[PDB]
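*Asks:* Structure incoming, see below.
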There are 6 protein chains.
Amino acid sequence: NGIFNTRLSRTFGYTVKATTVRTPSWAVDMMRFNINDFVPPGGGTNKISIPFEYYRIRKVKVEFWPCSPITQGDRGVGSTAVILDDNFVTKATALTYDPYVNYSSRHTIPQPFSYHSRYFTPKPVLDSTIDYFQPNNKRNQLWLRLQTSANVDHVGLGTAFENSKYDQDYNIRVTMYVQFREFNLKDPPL
Amino acid sequence: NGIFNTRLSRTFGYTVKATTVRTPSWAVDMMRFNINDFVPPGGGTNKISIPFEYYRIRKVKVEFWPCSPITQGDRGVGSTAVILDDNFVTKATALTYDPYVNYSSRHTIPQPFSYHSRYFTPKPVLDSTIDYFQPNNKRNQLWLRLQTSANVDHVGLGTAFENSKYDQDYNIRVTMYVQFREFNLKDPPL
Amino acid sequence: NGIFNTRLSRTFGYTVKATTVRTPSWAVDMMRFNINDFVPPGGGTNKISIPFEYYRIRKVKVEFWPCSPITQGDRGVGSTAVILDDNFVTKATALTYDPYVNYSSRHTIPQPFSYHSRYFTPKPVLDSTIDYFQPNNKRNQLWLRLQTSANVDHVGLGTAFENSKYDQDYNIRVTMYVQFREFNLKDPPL
Amino acid sequence: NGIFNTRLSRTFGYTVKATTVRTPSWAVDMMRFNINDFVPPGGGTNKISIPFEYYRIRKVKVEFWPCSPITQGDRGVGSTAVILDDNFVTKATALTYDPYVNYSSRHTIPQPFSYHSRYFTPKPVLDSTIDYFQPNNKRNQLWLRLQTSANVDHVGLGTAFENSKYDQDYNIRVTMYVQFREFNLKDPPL
Amino acid sequence: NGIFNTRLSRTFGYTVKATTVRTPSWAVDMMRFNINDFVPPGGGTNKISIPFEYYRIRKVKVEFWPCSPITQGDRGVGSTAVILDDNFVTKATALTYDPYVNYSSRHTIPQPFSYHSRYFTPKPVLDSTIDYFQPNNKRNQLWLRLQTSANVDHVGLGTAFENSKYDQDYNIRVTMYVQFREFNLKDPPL
Amino acid sequence: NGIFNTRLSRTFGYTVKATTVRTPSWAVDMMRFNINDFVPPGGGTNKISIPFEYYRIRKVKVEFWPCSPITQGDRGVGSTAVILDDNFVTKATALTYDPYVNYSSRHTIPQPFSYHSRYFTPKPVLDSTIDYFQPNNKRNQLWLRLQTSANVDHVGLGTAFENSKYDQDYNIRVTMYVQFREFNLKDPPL
């Protein structure tokens with residue numbers, strides 16, 4: 001039974017710079033998830049540090065851990081929308097409106113110091129021209145080959161943060177819940 | 001609940017020219033269905049006049065509305081076959097035989113003045129080299145991104161009309177039953 | 001089935017200026033809700049970016065998101081009353097008493113940093129002379145035509161904020177829950 | 001009812017050359033399955049000798065029929081693993097270890113004279129970059145267009161044979177269980 | 001399970017010339033059905049485009065599709081009788097009486113513009129001297145070898161059309177419902 | 001749930017040299033099982049190619065695959081006993097008696113060409129002085145740390161082969177059924 005369900009994680013910093021504009025503006029950005037970040041390159045005869053041929057990403061969880069104190073003023077309200085098709089709102093430093101507010105997948109992120117997370121099933125980008133994705137069915141989900149450096153992108157999450165007179169720091173943990181298949185482990189002698 | 005089921009329509013003329021040949025011949029043609037025809041380009045910040053990110057075409061209905069009088073002579077018999085894979089019989093003005101008669105998906109169209117329609121589930125052309133399509137399962141149907149001008153073709157319907165000593169005019173209404181997902185509407189101020 | 005229930009949103013800033021008066025005073029203001037803010041003007045043959053003829057606003061939700069830190073002193077207590085008839089207490093910078101406290105529809109808003117929201121059914125202003133409105137019955141609610149720039153006002157919400165020795169900033173999100181009828185979408189060729 | 005389930009077959013020789021090395025080594029090779037081998041090109045107006053538009057390969061059975069006598073010495077033990085993603089162990093004449101032994105899909109082939117077969121569902125190679133394949137669900141399996149010479153590869157089976165001081169001959173029968181759809185047969189007159 | 005039930009079709013024109021005689025006359029003709037018309041000759045190693053050894057024709061359906069307008073005058077009444085034994089009324093341009101009217105198998109065809117069809121089980125001509133045929137029993141029906149050009153005749157249908165002062169054109173579609181046995185497909189290499 | 005049950009394998013050659021002695025003699029040898037053979041050293045930040053901290057070996061299966069032809073004469077009878085405590089009969093080229101025949105754990109191996117296997121639970125050597133081992137209880141089995149090169153020995157299997165006038169070649173596959181705990185995988189950036 002090759003099937004092995006594990007959990008993989010990483011963390012990166014993301015900063016919303018302090019702006020001098022008064023009228024409300026939002027900073028727009030995007031998150032793509034590629035497993036090359038999560039699995040280190042292996043060594044020896046085994047190419048990847050995880051000895052399986054196939055994977056498929058079952059659920060992705062994106063935590064927003066703020067670095068800001070609860071005593072920081074000039075609070076604001078952002079929005080986090082799930083983006084399945086790799087069609088993102090263009091990145092912007094200050095945008096007069098919150099573009100993701102009317103997406104059906106939007107959750108609100110209070111700012112700066114509030115904790116926010118989204119938990120959903122991501123989709124791989126199979127053809128950038130067509131941009132098609134599967135419904136969520138755990139049985140029918142496509143299996144993907146695990147490749148050394150060439151792994152495909154999974155497109156999850158757009159975010160729009162309202163600007164502030166202060167810096168807004170988050171520590172974004174991304175935890176993928178992956179399912180691996182086909183134990184491939186190689187064992188040359190000596 | 002982003003899911004919104006609507007109905008979209010268009011009409012175009014198609015004419016079978018009068019031929020001088022006596023022995024029975026058939027004129028062969030094809031119908032591809034692209035949603036760029038059905039959805040006008042929007043304006044403002046919203047790109048498409050329908051504020052959704054994703055669609056998938058659930059059913060396509062092709063009506064043949066004849067322009068011919070019921071008193072027109074030299075009647076004939078054609079055939080309408082459903083073509084899933086984008087493999088069509090080459091277009092022809094007069095062809096000695098009816099190429100679609102033995103397709104399992106054939107319905108007969110009596111001519112000139114009889115009303116004919118086909119109602120089926122079309123398939124998008126994902127890779128022109130491989131030409132693969134899904135079975136009909138409403139749950140597992142791929143979602144497609146709605147694009148401004150770049151939307152992919154859905155390949156439905158081949159038709160072979162028997163030639164006549166008279167002109168044969170039809171008004172072909174194409175009504176797609178579409179399902180849209182992810183309300184994306186943008187609202188910049190002022 | 002033309003009926004389509006969606007959710008539309010916007011955000012604007014509102015500031016209560018710091019005052020030098022000591023004895024308690026309240027600043028009085030009002031909120032009218034017009035859908036022209038929520039729906040951008042469309043483009044092409046379709047006039048509005050939402051392809052429906054008729055709407056009626058089912059529920060309006062007004063969130064008050066404070067920008068103030070939880071460490072800000074000189075707290076106070078305001079009041080938020082629902083105003084159906086477009087009869088508002090006149091706008092005031094400092095008013096010796098809280099005029100909305102005895103309204104039957106009042107909820108309290110703690111200040112500055114507390115989160116406050118009101119969720120209710122608004123009413124359109126049909127005749128400014130008579131000022132009459134319907135009871136809340138989802139079945140008998142009048143349908144309204146969706147107009148480009150001419151849409152009628154819906155009158156919701158009066159608010160009275162107690163003044164403070166400090167500035168009081170809120171980010172007011174207004175989310176209308178609307179029901180649209182009659183898909184009108186136009187599709188000219190080419 | 002276009003659906004027609006048939007069985008198609010072919011046979012080719014494969015030889016493991018006798019080696020002079022003593023320490024155990026394995027010879028590594030691979031099997032791809034393309035239907036162009038199984039269906040001869042038709043003639044006349046019908047392009048393929050099987051009058052259907054669409055196929056999908058339900059099961060592939062690979063028999064290993066040895067040519068070796070039961071009295072041949074220097075026996076050994078190989079391994080046969082199912083390879084879904086078109087990621088194969090590189091072909092090798094002598095490899096110090098058996099690379100497929102730890103694959104979850106491995107079955108053992110005793111050698112030289114023992115009969116071995118594997119029976120499984122193969123997968124087409126849709127995109128060589130991404131290398132993704134469906135789960136086994138008979139209902140949701142993609143339909144493929146049957147093409148004259150251009151048919152896509154189905155990637156089944158890796159094999160690693162232990163080397164011997166003698167030649168090892170097998171007759172490999174490959175029997176695909178295919179399901180065809182859409183009777184397309186053409187019948188021009190005369 | 002070699003048994004495969006398909007449907008095969010063809011169309012040919014048949015014309016009843018306009019006659020100057022006034023008193024009622026009937027034009028008498030016959031229809032024999034040979035599968036050489038329905039199956040094109042294959043190519044390559046496979047002789048017939050349908051890869052089966054044996055067939056037996058289960059049902060034959062003969063449609064009469066008129067080319068005449070519904071406004072054409074001088075209507076008349078013909079007769080269509082099923083002829084099992086290959087004993088036909090001799091072909092005639094004008095015959096004073098309708099010879100098929102008293103056959104027990106007669107159906108009436110109204111003329112010119114009425115649609116007429118007969119659906120029955122045909123019989124092969126085994127010996128022209130004896131002219132014997134089987135009862136209709138689906139289990140006991142003789143199997144016939146499918147031959148390239150030499151296939152035997154199946155004798156269905158006599159028809160007698162009343163003459164008219166105008167031309168009477170029909171498009172006669174013949175759809176055989178056949179059952180094939182023994183998949184014989186050949187696959188030479190390369 | 002860190003627990004992951006996998007299967008690991010290796011193969012090595014073992015040869016019983018042909019002897020000139022006539023009276024029956026047995027060649028005595030032993031098999032120790034160390035996981036350093038089964039798991040290759042990893043690369044990068046992860047030390048072992050299997051990303052788990054702890055293992056315990058649940059069952060070991062030792063297959064004897066003969067290289068000898070079924071036509072080889074001078075057959076004999078050996079014995080395979082399970083040795084838990086790392087107390088082995090001293091290795092011998094020819095020993096007048098079969099020392100393992102009276103062990104309670106003995107199974108017979110017919111020779112040369114017969115297939116023989118033993119399947120049991122091995123024990124690690126914790127203290128070479130005391131030589132103590134646990135009963136077989138799947139719940140109470142000690143967990144062992146997985147170490148790069150330092151892993152402890154598991155002591156399974158003694159074997160005594162009767163000598164022959166011919167060479168006796170076996171290919172010994174050793175398949176450990178292991179249970180791993182505590183996913184430790186490391187993922188440094190870039």
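Ordered as shown in the structure tokens, chains take letters A, B, and onward, while each chain numbers its residues from 1 and ligands are numbered from 1 in the order shown.
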From a backbone DSSP assignment, name each residue in range 41-98 of chain C labelled strand (DSSP E or B), as an MDAnalysis selection string.

*Replies:* chainID C and resid 41 48 52:66 77:82 92:95

*Asks:* Since we have the selection now, will you write its residues out, keeping C-alpha atoms, as an mmCIF file, in the first residue's frame?

*Replies:*
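Output below, filename selection-v6.cif:
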```cif
data_model
loop_
_atom_site.group_PDB
_atom_site.id
_atom_site.type_symbol
_atom_site.label_atom_id
_atom_site.label_comp_id
_atom_site.auth_asym_id
_atom_site.auth_seq_id
_atom_site.Cartn_x
_atom_site.Cartn_y
_atom_site.Cartn_z
ATOM 1 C CA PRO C 41 -21.175 51.020 -14.744
ATOM 2 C CA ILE C 48 -24.656 47.678 -15.878
ATOM 3 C CA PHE C 52 -30.170 41.752 -14.495
ATOM 4 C CA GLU C 53 -33.117 44.091 -14.835
ATOM 5 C CA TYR C 54 -34.545 44.119 -11.328
ATOM 6 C CA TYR C 55 -33.170 44.005 -7.814
ATOM 7 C CA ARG C 56 -34.370 44.268 -4.281
ATOM 8 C CA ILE C 57 -32.049 44.660 -1.314
ATOM 9 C CA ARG C 58 -32.759 41.868 1.121
ATOM 10 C CA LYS C 59 -30.443 42.704 4.044
ATOM 11 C CA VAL C 60 -27.768 45.322 4.673
ATOM 12 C CA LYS C 61 -24.883 44.693 7.062
ATOM 13 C CA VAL C 62 -22.857 47.637 8.350
ATOM 14 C CA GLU C 63 -19.574 46.716 10.039
ATOM 15 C CA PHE C 64 -17.596 49.244 12.053
ATOM 16 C CA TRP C 65 -13.931 48.316 11.973
ATOM 17 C CA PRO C 66 -11.964 50.629 14.271
ATOM 18 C CA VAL C 77 -20.155 54.902 24.557
ATOM 19 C CA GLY C 78 -22.189 55.646 21.427
ATOM 20 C CA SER C 79 -25.446 54.393 19.918
ATOM 21 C CA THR C 80 -26.519 53.004 16.563
ATOM 22 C CA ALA C 81 -30.186 53.176 15.607
ATOM 23 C CA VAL C 82 -31.916 51.872 12.490
ATOM 24 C CA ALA C 92 -23.877 67.662 14.647
ATOM 25 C CA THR C 93 -20.261 67.940 15.716
ATOM 26 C CA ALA C 94 -20.983 68.006 19.467
ATOM 27 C CA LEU C 95 -24.423 67.475 20.953
#
```

*Asks:* Would you list the contacts of range 149-160 of chain E as a PyMOL selection string, taking every protein, DNA or RNA residue within 8 Å and counting only C-alpha atoms, but skipping same-chain residues closer than 2 positions in sequence?

*Replies:* chain E and resi 26-36+78-86+88-89+98-100+121-126+145-147+162

*Asks:* With N, CA, C and O atoms retained, export the selected residues as a tab-separated table (two decimals), in the first residue's frame.

*Replies:*
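The resulting file, part.tsv, is reproduced below:
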```tsv
chain	number	residue	atom	x	y	z
E	26	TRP	N	-50.18	1.29	-62.21
E	26	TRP	CA	-49.17	1.17	-61.17
E	26	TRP	C	-47.84	0.77	-61.79
E	26	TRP	O	-47.80	-0.02	-62.73
E	27	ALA	N	-46.76	1.34	-61.26
E	27	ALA	CA	-45.41	0.97	-61.66
E	27	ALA	C	-44.83	0.04	-60.62
E	27	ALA	O	-44.83	0.35	-59.42
E	28	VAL	N	-44.32	-1.10	-61.07
E	28	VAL	CA	-43.94	-2.20	-60.19
E	28	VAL	C	-42.43	-2.35	-60.22
E	28	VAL	O	-41.82	-2.33	-61.29
E	29	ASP	N	-41.82	-2.48	-59.04
E	29	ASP	CA	-40.38	-2.63	-58.93
E	29	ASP	C	-40.09	-3.45	-57.67
E	29	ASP	O	-41.00	-3.87	-56.96
E	30	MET	N	-38.80	-3.67	-57.40
E	30	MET	CA	-38.37	-4.59	-56.36
E	30	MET	C	-37.10	-4.08	-55.70
E	30	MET	O	-36.36	-3.29	-56.29
E	31	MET	N	-36.85	-4.55	-54.48
E	31	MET	CA	-35.66	-4.18	-53.73
E	31	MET	C	-34.99	-5.42	-53.14
E	31	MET	O	-35.57	-6.10	-52.30
E	32	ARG	N	-33.77	-5.68	-53.59
E	32	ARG	CA	-32.90	-6.68	-53.00
E	32	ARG	C	-31.83	-5.96	-52.20
E	32	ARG	O	-31.43	-4.85	-52.53
E	33	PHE	N	-31.37	-6.61	-51.14
E	33	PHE	CA	-30.44	-5.99	-50.20
E	33	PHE	C	-29.20	-6.85	-50.07
E	33	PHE	O	-29.27	-7.96	-49.52
E	34	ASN	N	-28.08	-6.34	-50.54
E	34	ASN	CA	-26.81	-7.05	-50.48
E	34	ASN	C	-25.85	-6.22	-49.64
E	34	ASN	O	-25.74	-5.01	-49.83
E	35	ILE	N	-25.17	-6.88	-48.71
E	35	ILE	CA	-24.35	-6.15	-47.76
E	35	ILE	C	-23.10	-5.57	-48.40
E	35	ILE	O	-22.43	-4.74	-47.80
E	36	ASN	N	-22.79	-5.97	-49.64
E	36	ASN	CA	-21.64	-5.40	-50.33
E	36	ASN	C	-21.79	-3.90	-50.49
E	36	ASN	O	-20.80	-3.17	-50.58
E	78	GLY	N	-50.31	3.69	-53.41
E	78	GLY	CA	-49.54	2.52	-53.79
E	78	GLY	C	-49.58	1.43	-52.73
E	78	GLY	O	-50.38	1.51	-51.80
E	79	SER	N	-48.73	0.42	-52.86
E	79	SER	CA	-48.69	-0.68	-51.91
E	79	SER	C	-47.28	-1.21	-51.79
E	79	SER	O	-46.54	-1.29	-52.78
E	80	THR	N	-46.90	-1.58	-50.58
E	80	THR	CA	-45.59	-2.13	-50.30
E	80	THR	C	-45.75	-3.48	-49.62
E	80	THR	O	-46.29	-3.56	-48.51
E	81	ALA	N	-45.29	-4.53	-50.28
E	81	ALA	CA	-45.40	-5.88	-49.75
E	81	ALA	C	-44.02	-6.45	-49.50
E	81	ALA	O	-43.07	-6.16	-50.23
E	82	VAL	N	-43.92	-7.26	-48.45
E	82	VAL	CA	-42.67	-7.93	-48.10
E	82	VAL	C	-42.58	-9.22	-48.91
E	82	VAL	O	-43.52	-10.02	-48.93
E	83	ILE	N	-41.45	-9.43	-49.57
E	83	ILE	CA	-41.25	-10.59	-50.44
E	83	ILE	C	-40.08	-11.39	-49.89
E	83	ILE	O	-38.93	-10.97	-50.01
E	84	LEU	N	-40.37	-12.55	-49.32
E	84	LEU	CA	-39.35	-13.37	-48.68
E	84	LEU	C	-38.59	-14.28	-49.64
E	84	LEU	O	-37.43	-14.59	-49.37
E	85	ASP	N	-39.23	-14.75	-50.71
E	85	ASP	CA	-38.75	-15.90	-51.48
E	85	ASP	C	-38.02	-15.53	-52.76
E	85	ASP	O	-37.65	-16.43	-53.52
E	86	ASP	N	-37.83	-14.25	-53.05
E	86	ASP	CA	-37.25	-13.77	-54.30
E	86	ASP	C	-38.15	-14.06	-55.50
E	86	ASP	O	-37.68	-14.12	-56.64
E	88	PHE	N	-40.75	-12.14	-57.42
E	88	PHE	CA	-41.29	-10.79	-57.55
E	88	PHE	C	-42.26	-10.71	-58.71
E	88	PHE	O	-42.15	-11.43	-59.70
E	89	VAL	N	-43.21	-9.80	-58.58
E	89	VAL	CA	-43.98	-9.37	-59.74
E	89	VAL	C	-43.03	-8.70	-60.71
E	89	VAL	O	-42.20	-7.87	-60.32
E	98	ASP	N	-53.11	-3.03	-59.23
E	98	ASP	CA	-52.04	-3.05	-58.25
E	98	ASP	C	-51.78	-4.48	-57.80
E	98	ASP	O	-52.55	-5.03	-57.01
E	99	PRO	N	-50.69	-5.09	-58.25
E	99	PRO	CA	-50.52	-6.53	-58.03
E	99	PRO	C	-50.27	-6.89	-56.59
E	99	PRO	O	-50.58	-8.01	-56.19
E	100	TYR	N	-49.72	-5.99	-55.79
E	100	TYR	CA	-49.37	-6.31	-54.42
E	100	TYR	C	-50.48	-6.03	-53.42
E	100	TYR	O	-50.25	-6.18	-52.22
E	121	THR	N	-37.79	-8.65	-41.18
E	121	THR	CA	-36.60	-9.48	-41.18
E	121	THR	C	-36.43	-10.05	-42.58
E	121	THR	O	-37.33	-10.74	-43.07
E	122	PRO	N	-35.32	-9.81	-43.25
E	122	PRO	CA	-35.16	-10.30	-44.62
E	122	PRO	C	-34.60	-11.71	-44.62
E	122	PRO	O	-34.18	-12.24	-43.60
E	123	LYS	N	-34.54	-12.28	-45.81
E	123	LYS	CA	-34.06	-13.64	-45.90
E	123	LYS	C	-33.01	-13.72	-46.99
E	123	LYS	O	-33.16	-13.07	-48.03
E	124	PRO	N	-31.95	-14.48	-46.79
E	124	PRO	CA	-30.96	-14.64	-47.85
E	124	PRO	C	-31.44	-15.62	-48.89
E	124	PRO	O	-32.24	-16.52	-48.60
E	125	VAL	N	-30.94	-15.48	-50.11
E	125	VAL	CA	-31.30	-16.40	-51.18
E	125	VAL	C	-30.23	-17.48	-51.17
E	125	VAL	O	-29.13	-17.31	-51.68
E	126	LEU	N	-30.59	-18.64	-50.62
E	126	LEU	CA	-29.65	-19.76	-50.52
E	126	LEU	C	-29.58	-20.59	-51.79
E	126	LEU	O	-28.48	-20.91	-52.26
E	145	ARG	N	-21.10	-16.17	-43.70
E	145	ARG	CA	-19.74	-15.66	-43.75
E	145	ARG	C	-19.74	-14.31	-44.43
E	145	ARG	O	-20.43	-14.11	-45.43
E	146	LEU	N	-18.97	-13.37	-43.90
E	146	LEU	CA	-18.85	-12.07	-44.53
E	146	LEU	C	-17.78	-12.17	-45.60
E	146	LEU	O	-16.61	-12.45	-45.29
E	147	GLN	N	-18.15	-11.93	-46.84
E	147	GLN	CA	-17.23	-12.07	-47.96
E	147	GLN	C	-16.96	-10.70	-48.58
E	147	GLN	O	-17.74	-9.76	-48.43
E	162	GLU	N	-48.56	3.93	-57.87
E	162	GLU	CA	-49.52	4.38	-58.86
E	162	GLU	C	-48.91	5.50	-59.69
E	162	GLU	O	-48.19	6.35	-59.17
```

*Asks:* Identify every residue of chain A that has at least one atom within 8 Å of any atom of chain D, counting only C-alpha atoms, and report the result as a ChimeraX atom specification.

*Replies:* /A:1-2,54,126,139-145,150-152,182-189

*Asks:* Please produce a file of those selected residues containing C-alpha atoms, as a PDB file, in the first residue's frame.

*Replies:*
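Output (out_20.pdb):
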```
ATOM      1  CA  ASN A   1       0.000   0.000   0.000  1.00  0.00           C
ATOM      2  CA  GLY A   2       2.146   2.829  -1.308  1.00  0.00           C
ATOM      3  CA  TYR A  54       3.668  10.250  -7.238  1.00  0.00           C
ATOM      4  CA  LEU A 126      -1.844  22.166 -16.136  1.00  0.00           C
ATOM      5  CA  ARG A 139     -11.265   9.894  -5.426  1.00  0.00           C
ATOM      6  CA  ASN A 140     -10.835  11.487  -8.863  1.00  0.00           C
ATOM      7  CA  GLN A 141      -7.963  13.862  -8.089  1.00  0.00           C
ATOM      8  CA  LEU A 142      -5.154  13.596 -10.642  1.00  0.00           C
ATOM      9  CA  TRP A 143      -1.909  12.036  -9.500  1.00  0.00           C
ATOM     10  CA  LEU A 144       1.218  14.026 -10.271  1.00  0.00           C
ATOM     11  CA  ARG A 145       4.751  12.770 -10.744  1.00  0.00           C
ATOM     12  CA  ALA A 150      10.474  20.694 -12.343  1.00  0.00           C
ATOM     13  CA  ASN A 151       7.366  20.273 -10.180  1.00  0.00           C
ATOM     14  CA  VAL A 152       4.256  22.133 -11.297  1.00  0.00           C
ATOM     15  CA  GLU A 182       4.493   4.326  -5.062  1.00  0.00           C
ATOM     16  CA  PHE A 183       7.456   3.756  -2.750  1.00  0.00           C
ATOM     17  CA  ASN A 184      10.404   3.955  -5.150  1.00  0.00           C
ATOM     18  CA  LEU A 185      13.358   3.754  -2.759  1.00  0.00           C
ATOM     19  CA  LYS A 186      16.664   2.695  -4.315  1.00  0.00           C
ATOM     20  CA  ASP A 187      19.356   0.782  -2.420  1.00  0.00           C
ATOM     21  CA  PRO A 188      22.658   0.302  -4.233  1.00  0.00           C
ATOM     22  CA  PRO A 189      25.139  -1.919  -2.377  1.00  0.00           C
TER      23      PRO A 189
END
```

*Asks:* Any idea what the distance is between CA of residue 175 in chain C and CA of residue 42 in chain B?

*Replies:*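 Interatomic distance here is 23.6 Å.
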
*Asks:* Hey, what's within 12 Å of residue 73 in chain E if we count only C-alpha atoms and toss same-chain stuff fewer than 5 positions away? As a list in words, please?

*Replies:*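 Returned residues: residues 71 of chain B; 68, 111, 112, 113, 164, 165, 166, 167 and 168 of chain E.
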
*Asks:* If you keep N, CA and C atoms, can you produce a file of those selected residues as a compact mmCIF listing (two decimals), in the first residue's frame?

*Replies:*
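Okay, this is what ended up in again.txt:
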```txt
# COMPACT_ATOMS: atom_id res chain seq x y z
N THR B 71 -44.12 24.62 -48.89
CA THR B 71 -44.51 24.32 -50.25
C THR B 71 -43.32 24.12 -51.17
N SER E 68 -41.18 15.23 -52.98
CA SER E 68 -42.26 15.97 -53.59
C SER E 68 -42.82 16.99 -52.61
N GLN E 111 -49.35 8.75 -51.64
CA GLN E 111 -48.42 9.40 -52.55
C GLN E 111 -48.87 10.81 -52.87
N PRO E 112 -48.00 11.62 -53.46
CA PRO E 112 -46.55 11.49 -53.61
C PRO E 112 -45.74 11.78 -52.36
N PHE E 113 -46.25 12.66 -51.49
CA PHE E 113 -45.44 13.32 -50.48
C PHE E 113 -45.49 12.65 -49.12
N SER E 164 -48.62 8.91 -62.00
CA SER E 164 -49.15 10.25 -61.82
C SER E 164 -48.82 11.08 -63.05
N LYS E 165 -49.54 12.18 -63.19
CA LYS E 165 -49.27 13.12 -64.26
C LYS E 165 -47.99 13.91 -64.01
N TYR E 166 -47.39 13.72 -62.84
CA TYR E 166 -46.18 14.40 -62.40
C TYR E 166 -45.12 13.38 -62.04
N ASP E 167 -43.89 13.85 -61.91
CA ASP E 167 -42.82 12.98 -61.45
C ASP E 167 -42.95 12.74 -59.96
N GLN E 168 -42.60 11.53 -59.53
CA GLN E 168 -42.64 11.16 -58.12
C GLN E 168 -41.25 10.73 -57.71
```

*Asks:* Could you give me, as a PyMOL selection string, the residues within 7 Å of residue 7 in chain D, counting only C-alpha atoms and dropping anything in the same chain fewer than 6 positions from it?

*Replies:* chain D and resi 175-178

*Asks:* Which value, in Å to one decimal, gives the distance between CA of residue 169 in chain F and CA of residue 190 in chain A?

*Replies:*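 Straight-line distance from CA of residue 169 in chain F to CA of residue 190 in chain A works out to 21.4 Å.
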
*Asks:* Write out as number ranges by chain the residues lying within 7 Å of residue 3 in chain F, counting only C-alpha atoms and excluding same-chain residues fewer than 6 positions away.

*Replies:* F: 179-182
